[PDB]
Each structure stands twice: as structure tokens, then as C-alpha cells.
>>> print(open('structure39.txt').read())   # compact mmCIF, N, CA, C and O atoms
# COMPACT_ATOMS: atom_id res chain seq x y z
N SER A 1 102.62 52.93 100.15
CA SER A 1 101.72 52.80 101.29
C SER A 1 100.88 54.04 101.54
O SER A 1 100.18 54.09 102.56
N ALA A 2 100.90 55.04 100.65
CA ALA A 2 100.17 56.27 100.92
C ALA A 2 98.67 56.04 101.01
O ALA A 2 98.00 56.58 101.90
N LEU A 3 98.12 55.22 100.11
CA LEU A 3 96.67 55.05 100.07
C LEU A 3 96.15 54.10 101.14
O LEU A 3 94.93 54.04 101.35
N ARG A 4 97.02 53.36 101.82
CA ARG A 4 96.59 52.50 102.91
C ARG A 4 96.95 53.05 104.29
O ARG A 4 96.46 52.53 105.29
N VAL A 5 97.79 54.08 104.35
CA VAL A 5 98.12 54.72 105.62
C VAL A 5 97.23 55.92 105.90
O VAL A 5 96.73 56.08 107.01
N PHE A 6 97.02 56.77 104.90
CA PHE A 6 96.16 57.93 105.09
C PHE A 6 94.78 57.68 104.49
O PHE A 6 94.65 56.97 103.48
N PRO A 7 93.73 58.23 105.10
CA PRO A 7 92.38 57.95 104.62
C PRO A 7 92.13 58.52 103.23
O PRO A 7 92.69 59.55 102.84
N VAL A 8 91.25 57.85 102.49
CA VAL A 8 90.88 58.24 101.14
C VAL A 8 89.38 58.48 101.12
O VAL A 8 88.60 57.60 101.50
N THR A 9 88.97 59.66 100.67
CA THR A 9 87.57 60.04 100.61
C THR A 9 87.20 60.44 99.19
O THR A 9 88.06 60.79 98.38
N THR A 10 85.91 60.38 98.89
CA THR A 10 85.39 60.67 97.55
C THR A 10 84.25 61.67 97.67
O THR A 10 83.10 61.29 97.90
N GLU A 11 84.56 62.96 97.52
CA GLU A 11 83.54 64.00 97.57
C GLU A 11 83.60 64.88 96.34
O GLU A 11 82.57 65.38 95.87
N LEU A 12 84.80 65.08 95.80
CA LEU A 12 84.96 65.92 94.62
C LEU A 12 84.44 65.23 93.37
O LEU A 12 84.58 64.01 93.20
N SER A 13 83.85 66.02 92.48
CA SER A 13 83.38 65.61 91.17
C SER A 13 84.52 65.71 90.16
O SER A 13 85.45 66.50 90.34
N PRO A 14 84.49 64.91 89.09
CA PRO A 14 85.60 64.94 88.12
C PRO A 14 85.81 66.28 87.44
O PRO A 14 86.90 66.51 86.89
N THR A 15 84.82 67.17 87.44
CA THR A 15 84.91 68.43 86.73
C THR A 15 85.31 69.60 87.62
O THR A 15 85.28 70.75 87.17
N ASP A 16 85.67 69.34 88.88
CA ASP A 16 86.06 70.41 89.79
C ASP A 16 87.55 70.70 89.68
O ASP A 16 88.37 69.79 89.52
N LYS A 17 87.90 71.98 89.78
CA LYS A 17 89.30 72.40 89.79
C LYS A 17 89.79 72.83 91.16
O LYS A 17 90.98 72.70 91.44
N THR A 18 88.90 73.34 92.02
CA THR A 18 89.28 73.83 93.34
C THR A 18 88.21 73.44 94.35
O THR A 18 87.11 73.01 94.00
N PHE A 19 88.56 73.59 95.63
CA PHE A 19 87.61 73.37 96.72
C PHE A 19 87.98 74.30 97.87
O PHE A 19 89.04 74.94 97.85
N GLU A 20 87.09 74.38 98.85
CA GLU A 20 87.24 75.33 99.95
C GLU A 20 86.61 74.77 101.22
O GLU A 20 85.60 74.08 101.16
N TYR A 21 87.22 75.09 102.36
CA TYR A 21 86.68 74.72 103.66
C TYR A 21 86.84 75.89 104.63
O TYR A 21 87.66 76.78 104.43
N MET A 22 86.03 75.88 105.70
CA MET A 22 85.89 77.02 106.59
C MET A 22 86.06 76.61 108.05
O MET A 22 85.84 75.46 108.42
N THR A 23 86.45 77.59 108.87
CA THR A 23 86.61 77.43 110.31
C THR A 23 86.04 78.66 111.02
O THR A 23 85.97 79.75 110.45
N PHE A 24 85.65 78.47 112.28
CA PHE A 24 84.99 79.51 113.07
C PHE A 24 85.64 79.63 114.44
O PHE A 24 86.46 78.80 114.83
N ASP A 25 85.24 80.67 115.18
CA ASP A 25 85.79 80.96 116.50
C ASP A 25 84.83 81.88 117.25
O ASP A 25 83.74 82.18 116.77
N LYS A 26 85.26 82.33 118.43
CA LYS A 26 84.44 83.21 119.26
C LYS A 26 85.30 83.85 120.34
O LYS A 26 86.40 83.38 120.63
N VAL A 27 84.78 84.93 120.93
CA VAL A 27 85.41 85.61 122.06
C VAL A 27 84.32 86.03 123.06
O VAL A 27 83.13 85.91 122.79
N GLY A 28 84.76 86.50 124.22
CA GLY A 28 83.83 86.99 125.23
C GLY A 28 84.43 86.92 126.61
O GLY A 28 85.52 86.40 126.82
N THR A 29 83.68 87.46 127.57
CA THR A 29 84.08 87.47 128.98
C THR A 29 82.88 87.83 129.84
O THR A 29 81.79 88.12 129.34
N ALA A 30 83.09 87.83 131.16
CA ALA A 30 82.06 88.17 132.13
C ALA A 30 82.72 88.81 133.34
O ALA A 30 83.93 88.73 133.53
N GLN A 31 81.90 89.46 134.17
CA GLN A 31 82.41 90.23 135.29
C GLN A 31 81.46 90.12 136.47
O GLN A 31 80.29 89.74 136.33
N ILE A 32 81.97 90.46 137.66
CA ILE A 32 81.17 90.52 138.88
C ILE A 32 80.60 91.93 138.99
O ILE A 32 81.34 92.92 138.98
N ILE A 33 79.28 92.03 139.12
CA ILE A 33 78.57 93.30 139.02
C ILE A 33 77.73 93.52 140.27
O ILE A 33 77.68 92.69 141.18
N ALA A 34 77.07 94.67 140.30
CA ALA A 34 76.08 95.04 141.31
C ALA A 34 74.81 95.48 140.61
O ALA A 34 74.74 95.56 139.38
N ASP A 35 73.78 95.78 141.40
CA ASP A 35 72.56 96.32 140.83
C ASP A 35 72.79 97.75 140.34
O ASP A 35 73.78 98.40 140.69
N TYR A 36 71.86 98.23 139.51
CA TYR A 36 71.97 99.55 138.88
C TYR A 36 73.24 99.65 138.03
O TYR A 36 73.88 100.70 137.95
N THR A 37 73.60 98.54 137.38
CA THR A 37 74.79 98.48 136.55
C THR A 37 74.42 98.78 135.10
O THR A 37 73.49 98.20 134.56
N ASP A 38 75.17 99.70 134.49
CA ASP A 38 74.90 100.10 133.11
C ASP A 38 75.90 99.55 132.10
O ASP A 38 75.56 99.47 130.92
N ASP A 39 77.10 99.18 132.52
CA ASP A 39 78.12 98.66 131.61
C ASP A 39 78.29 97.16 131.79
O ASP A 39 78.29 96.66 132.92
N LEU A 40 78.33 96.43 130.67
CA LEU A 40 78.48 94.99 130.65
C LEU A 40 79.35 94.59 129.47
O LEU A 40 79.29 95.22 128.41
N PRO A 41 80.16 93.54 129.61
CA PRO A 41 81.01 93.11 128.49
C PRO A 41 80.21 92.47 127.37
O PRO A 41 79.07 92.03 127.56
N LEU A 42 80.82 92.41 126.19
CA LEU A 42 80.19 91.92 124.98
C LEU A 42 81.00 90.78 124.37
O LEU A 42 82.13 90.50 124.77
N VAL A 43 80.40 90.11 123.38
CA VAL A 43 80.98 88.95 122.72
C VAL A 43 80.85 89.13 121.20
O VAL A 43 80.08 89.95 120.71
N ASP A 44 81.62 88.33 120.46
CA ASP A 44 81.63 88.42 119.00
C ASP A 44 82.02 87.05 118.44
O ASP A 44 82.00 86.05 119.17
N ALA A 45 82.36 86.98 117.15
CA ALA A 45 82.70 85.73 116.48
C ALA A 45 83.54 86.03 115.25
O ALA A 45 83.63 87.18 114.80
N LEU A 46 84.17 84.99 114.70
CA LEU A 46 85.14 85.13 113.61
C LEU A 46 84.86 84.08 112.53
O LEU A 46 83.85 83.36 112.57
N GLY A 47 85.77 83.98 111.57
CA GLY A 47 85.68 82.99 110.51
C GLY A 47 86.89 83.07 109.60
O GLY A 47 87.55 84.11 109.50
N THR A 48 87.17 81.95 108.93
CA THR A 48 88.34 81.82 108.07
C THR A 48 88.08 80.70 107.06
O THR A 48 87.22 79.85 107.27
N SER A 49 88.83 80.72 105.95
CA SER A 49 88.66 79.70 104.91
C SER A 49 90.00 79.38 104.25
O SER A 49 90.93 80.18 104.27
N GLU A 50 90.07 78.18 103.66
CA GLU A 50 91.25 77.69 102.96
C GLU A 50 90.82 76.92 101.70
O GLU A 50 89.66 76.52 101.57
N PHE A 51 91.78 76.70 100.80
CA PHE A 51 91.51 76.23 99.43
C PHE A 51 92.35 75.00 99.09
O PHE A 51 93.09 74.47 99.93
N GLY A 52 92.24 74.55 97.84
CA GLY A 52 92.95 73.39 97.34
C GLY A 52 92.94 73.34 95.82
O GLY A 52 92.49 74.28 95.16
N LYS A 53 93.44 72.23 95.27
CA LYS A 53 93.63 72.10 93.83
C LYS A 53 93.59 70.64 93.40
O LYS A 53 93.70 69.73 94.22
N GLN K 1 33.90 121.63 169.78
CA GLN K 1 34.52 122.95 169.78
C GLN K 1 34.95 123.33 168.37
O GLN K 1 34.16 123.27 167.43
N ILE K 2 36.21 123.73 168.22
CA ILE K 2 36.78 124.12 166.94
C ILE K 2 37.82 123.08 166.55
O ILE K 2 38.77 122.83 167.29
N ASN K 3 37.62 122.45 165.39
CA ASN K 3 38.54 121.43 164.92
C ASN K 3 39.77 122.07 164.28
O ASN K 3 39.77 123.24 163.89
N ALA K 4 40.84 121.28 164.18
CA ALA K 4 42.10 121.74 163.62
C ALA K 4 42.61 120.74 162.60
O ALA K 4 42.44 119.53 162.75
N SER K 5 43.23 121.27 161.55
CA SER K 5 43.87 120.45 160.52
C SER K 5 45.28 120.97 160.28
O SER K 5 45.52 122.18 160.28
N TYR K 6 46.21 120.04 160.08
CA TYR K 6 47.62 120.37 159.96
C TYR K 6 48.15 119.91 158.61
O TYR K 6 47.52 119.13 157.90
N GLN K 7 49.33 120.42 158.27
CA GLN K 7 49.97 120.12 157.00
C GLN K 7 51.48 120.06 157.20
O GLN K 7 52.07 120.97 157.79
N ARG K 8 52.09 118.99 156.71
CA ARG K 8 53.53 118.82 156.76
C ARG K 8 54.05 118.44 155.38
O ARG K 8 53.43 117.66 154.66
N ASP K 9 55.21 119.00 155.03
CA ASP K 9 55.86 118.71 153.76
C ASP K 9 57.04 117.77 153.98
O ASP K 9 57.83 117.96 154.92
N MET K 10 57.15 116.76 153.13
CA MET K 10 58.27 115.85 153.20
C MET K 10 59.56 116.54 152.78
O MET K 10 59.55 117.58 152.11
N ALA K 11 60.68 115.96 153.19
CA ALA K 11 61.97 116.42 152.69
C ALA K 11 62.11 116.03 151.22
O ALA K 11 61.45 115.11 150.72
N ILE K 12 62.98 116.74 150.51
CA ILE K 12 63.10 116.57 149.07
C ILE K 12 64.25 115.67 148.65
O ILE K 12 64.29 115.25 147.48
N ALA K 13 65.17 115.34 149.55
CA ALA K 13 66.35 114.59 149.14
C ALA K 13 66.95 113.85 150.32
O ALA K 13 66.68 114.17 151.49
N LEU K 14 67.78 112.87 150.01
CA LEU K 14 68.57 112.09 150.95
C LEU K 14 69.99 112.05 150.43
O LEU K 14 70.22 112.21 149.22
N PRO K 15 70.98 111.85 151.31
CA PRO K 15 72.37 111.76 150.83
C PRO K 15 72.55 110.58 149.89
O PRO K 15 72.10 109.47 150.16
N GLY K 16 73.23 110.84 148.77
CA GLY K 16 73.48 109.80 147.80
C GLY K 16 72.29 109.42 146.94
O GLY K 16 72.18 108.27 146.53
N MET K 17 71.40 110.36 146.67
CA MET K 17 70.19 110.11 145.89
C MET K 17 70.33 110.73 144.51
O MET K 17 70.92 111.81 144.36
N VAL K 18 69.80 110.05 143.50
CA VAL K 18 69.82 110.58 142.14
C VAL K 18 68.75 111.67 142.03
O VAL K 18 67.58 111.44 142.38
N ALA K 19 69.14 112.84 141.55
CA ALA K 19 68.25 114.00 141.57
C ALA K 19 67.17 113.91 140.50
O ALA K 19 65.97 113.98 140.80
N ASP K 20 67.57 113.75 139.24
CA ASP K 20 66.65 113.73 138.11
C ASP K 20 66.76 112.41 137.37
O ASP K 20 67.59 111.55 137.69
N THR K 21 65.92 112.25 136.35
CA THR K 21 65.98 111.12 135.44
C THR K 21 66.70 111.48 134.14
O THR K 21 66.59 110.73 133.16
N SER K 22 67.41 112.60 134.11
CA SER K 22 68.13 113.01 132.92
C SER K 22 69.28 112.04 132.64
O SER K 22 69.51 111.07 133.37
N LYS K 23 70.00 112.30 131.55
CA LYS K 23 71.03 111.40 131.08
C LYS K 23 72.10 111.16 132.15
O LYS K 23 72.79 112.10 132.56
N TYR K 24 72.22 109.91 132.58
CA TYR K 24 73.18 109.54 133.62
C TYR K 24 73.92 108.28 133.19
O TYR K 24 73.64 107.69 132.14
N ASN K 25 74.87 107.86 134.02
CA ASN K 25 75.66 106.66 133.76
C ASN K 25 76.21 106.12 135.07
O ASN K 25 76.75 106.89 135.87
N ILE K 26 76.08 104.81 135.27
CA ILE K 26 76.52 104.16 136.50
C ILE K 26 77.46 103.02 136.14
O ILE K 26 77.19 102.25 135.21
N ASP K 27 78.57 102.92 136.88
CA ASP K 27 79.54 101.85 136.69
C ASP K 27 79.38 100.84 137.82
O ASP K 27 79.71 101.13 138.98
N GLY K 28 78.87 99.66 137.50
CA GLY K 28 78.63 98.64 138.50
C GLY K 28 79.76 97.65 138.72
O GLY K 28 79.73 96.92 139.71
N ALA K 29 80.75 97.61 137.83
CA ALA K 29 81.87 96.69 137.96
C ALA K 29 83.02 97.38 138.69
O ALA K 29 84.11 97.60 138.14
N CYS K 30 82.77 97.71 139.95
CA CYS K 30 83.74 98.39 140.79
C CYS K 30 83.81 97.69 142.14
O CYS K 30 82.81 97.17 142.64
N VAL K 31 85.01 97.68 142.72
CA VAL K 31 85.28 96.95 143.96
C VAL K 31 85.89 97.92 144.96
O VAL K 31 86.77 98.71 144.61
N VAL K 32 85.43 97.85 146.21
CA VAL K 32 85.99 98.66 147.29
C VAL K 32 87.28 97.98 147.74
O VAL K 32 87.28 96.83 148.16
N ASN K 33 88.40 98.70 147.64
CA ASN K 33 89.70 98.09 147.91
C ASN K 33 90.07 98.21 149.38
O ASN K 33 90.37 97.21 150.04
N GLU K 34 90.08 99.43 149.92
CA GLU K 34 90.45 99.67 151.31
C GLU K 34 89.35 100.47 152.00
O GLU K 34 88.74 101.36 151.41
N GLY K 35 89.12 100.14 153.27
CA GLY K 35 88.22 100.92 154.10
C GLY K 35 86.77 100.82 153.68
O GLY K 35 86.35 99.94 152.93
N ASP K 36 85.99 101.76 154.20
CA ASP K 36 84.57 101.87 153.90
C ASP K 36 84.30 103.19 153.18
O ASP K 36 84.99 104.19 153.39
N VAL K 37 83.27 103.18 152.33
CA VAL K 37 82.90 104.34 151.54
C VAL K 37 81.52 104.81 151.98
O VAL K 37 80.60 104.01 152.14
N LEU K 38 81.40 106.12 152.19
CA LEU K 38 80.14 106.73 152.62
C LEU K 38 79.26 107.02 151.42
O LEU K 38 79.70 107.65 150.45
N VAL K 39 78.01 106.56 151.47
CA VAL K 39 77.07 106.83 150.39
C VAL K 39 76.81 108.33 150.34
O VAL K 39 76.25 108.91 151.27
N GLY K 40 77.24 108.96 149.24
CA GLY K 40 77.13 110.39 149.10
C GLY K 40 78.45 111.13 149.01
O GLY K 40 78.44 112.36 148.97
N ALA K 41 79.58 110.42 148.96
CA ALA K 41 80.89 111.03 148.91
C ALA K 41 81.64 110.55 147.67
O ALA K 41 81.37 109.47 147.15
N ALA K 42 82.58 111.37 147.22
CA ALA K 42 83.35 111.06 146.03
C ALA K 42 84.32 109.91 146.29
O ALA K 42 84.71 109.63 147.43
N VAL K 43 84.71 109.23 145.21
CA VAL K 43 85.64 108.12 145.27
C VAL K 43 86.78 108.37 144.28
O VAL K 43 86.76 109.34 143.52
N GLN K 44 87.78 107.49 144.31
CA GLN K 44 88.92 107.56 143.41
C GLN K 44 89.26 106.16 142.94
O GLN K 44 88.93 105.17 143.60
N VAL K 45 89.94 106.08 141.80
CA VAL K 45 90.33 104.81 141.20
C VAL K 45 91.78 104.51 141.56
O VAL K 45 92.67 105.31 141.26
N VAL K 46 92.01 103.37 142.20
CA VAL K 46 93.36 102.97 142.55
C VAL K 46 94.05 102.33 141.35
O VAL K 46 95.14 102.75 140.94
N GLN K 47 93.44 101.31 140.76
CA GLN K 47 93.95 100.72 139.53
C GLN K 47 92.83 100.00 138.80
O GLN K 47 91.86 99.53 139.41
N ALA K 48 92.98 99.91 137.48
CA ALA K 48 92.05 99.19 136.62
C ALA K 48 92.77 97.97 136.08
O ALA K 48 93.81 98.09 135.42
N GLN K 49 92.22 96.79 136.36
CA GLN K 49 92.83 95.55 135.90
C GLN K 49 92.76 95.45 134.38
O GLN K 49 91.75 95.78 133.77
N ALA K 50 93.86 94.99 133.78
CA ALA K 50 93.98 95.01 132.32
C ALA K 50 93.12 93.92 131.68
O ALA K 50 92.46 94.16 130.67
N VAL K 51 93.12 92.72 132.25
CA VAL K 51 92.45 91.57 131.66
C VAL K 51 91.15 91.25 132.38
O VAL K 51 90.13 90.99 131.75
>>> encode(input="structure39.txt", output="C-alpha cells")
Amino acid sequence: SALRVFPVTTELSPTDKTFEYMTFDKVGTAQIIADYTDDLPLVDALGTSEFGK
Amino acid sequence: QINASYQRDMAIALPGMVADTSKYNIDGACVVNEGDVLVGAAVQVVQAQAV
């Protein structure tokens, strides 16, 4: 029942040995401020990948 | 008769005023915890929140 319970997709070519997929993320924050403010928080981002056979 | 002309000079500063445009730094993310603060007087830090 494996092929009827879990989905089956066709993206790989017959000549491929490996594949890869990626994921992303982010961070950040905010604050209550006043006028004449010189310091402010900052934000960034990330990334990751995984493989197969 | 004889006319008169006068001259007055303004004051140069007020309490709590920035003197020059040289390199400075201001922290705007600050909260008054207890009492009132006089513009022109030093302050102190009670605690800095971690998060």
C-alpha cells in the first residue's frame, strides 16, 4: 500500500543521482521610542538545505 | 531732538540644550520608572530588560 497511501511525484530525471531542497527563516524586533532617537533594532535572515539519493 | 538706538544680546544657552553639532549619541528607547526627571540633570539606569 505504499504507492497508494503516500503521494507519488515525478520531477527527477533518470540520469540524476542526488537532489537538494532549501528552507528559509527570519528574525527581528521593535521597540517604543521617542523623537531624537539614534538607536533602533535590526533584522536579518537565514537559510538551510537538505539532500537525497 | 536727538534720536536713540539700543542693542541687546540674546542669551547663549538654555538648560538641557545641546551645545555643538559635534559627535553625539542619544538613546531614545528609555522609560522613566519612578518620579519626574528635570531636563538638564543626570539620570541613572535601574535595569535593562533582557528580551
>>> atom_distance(input="structure39.txt", atom1="atom C of residue 15 (chain A)", atom2="atom C of residue 46 (chain A)")
28.8 Å
>>> interface_residues(input="structure39.txt", of="chain K", to="chain A", cutoff="7 Å", atoms="all atoms listed in the file", output="ChimeraX atom specification")
/K:25-30,51
>>> write_last_selection(input="structure39.txt", atoms="N, CA, C and O atoms", output="PDB file, in the coordinates of the input")
ATOM      1  N   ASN K  25      74.870 107.860 134.020  1.00  0.00           N
ATOM      2  CA  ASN K  25      75.660 106.660 133.760  1.00  0.00           C
ATOM      3  C   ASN K  25      76.210 106.120 135.070  1.00  0.00           C
ATOM      4  O   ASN K  25      76.750 106.890 135.870  1.00  0.00           O
ATOM      5  N   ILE K  26      76.080 104.810 135.270  1.00  0.00           N
ATOM      6  CA  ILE K  26      76.520 104.160 136.500  1.00  0.00           C
ATOM      7  C   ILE K  26      77.460 103.020 136.140  1.00  0.00           C
ATOM      8  O   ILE K  26      77.190 102.250 135.210  1.00  0.00           O
ATOM      9  N   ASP K  27      78.570 102.920 136.880  1.00  0.00           N
ATOM     10  CA  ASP K  27      79.540 101.850 136.690  1.00  0.00           C
ATOM     11  C   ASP K  27      79.380 100.840 137.820  1.00  0.00           C
ATOM     12  O   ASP K  27      79.710 101.130 138.980  1.00  0.00           O
ATOM     13  N   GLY K  28      78.870  99.660 137.500  1.00  0.00           N
ATOM     14  CA  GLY K  28      78.630  98.640 138.500  1.00  0.00           C
ATOM     15  C   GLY K  28      79.760  97.650 138.720  1.00  0.00           C
ATOM     16  O   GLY K  28      79.730  96.920 139.710  1.00  0.00           O
ATOM     17  N   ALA K  29      80.750  97.610 137.830  1.00  0.00           N
ATOM     18  CA  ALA K  29      81.870  96.690 137.960  1.00  0.00           C
ATOM     19  C   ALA K  29      83.020  97.380 138.690  1.00  0.00           C
ATOM     20  O   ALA K  29      84.110  97.600 138.140  1.00  0.00           O
ATOM     21  N   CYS K  30      82.770  97.710 139.950  1.00  0.00           N
ATOM     22  CA  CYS K  30      83.740  98.390 140.790  1.00  0.00           C
ATOM     23  C   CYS K  30      83.810  97.690 142.140  1.00  0.00           C
ATOM     24  O   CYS K  30      82.810  97.170 142.640  1.00  0.00           O
ATOM     25  N   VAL K  51      93.120  92.720 132.250  1.00  0.00           N
ATOM     26  CA  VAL K  51      92.450  91.570 131.660  1.00  0.00           C
ATOM     27  C   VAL K  51      91.150  91.250 132.380  1.00  0.00           C
ATOM     28  O   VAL K  51      90.130  90.990 131.750  1.00  0.00           O
TER      29      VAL K  51
END
>>> select_by_dssp(input="structure39.txt", residues="chain A", states="helix (DSSP H, G or I)", output="list in words")
residues 2, 3, 4 and 5 of chain A
>>> residues_around(input="structure39.txt", residues="residue 52 (chain A)", least_positions_apart="5", cutoff="6 Å", atoms="only N, CA, C and O atoms", output="VMD selection string")
chain A and resid 17 to 20
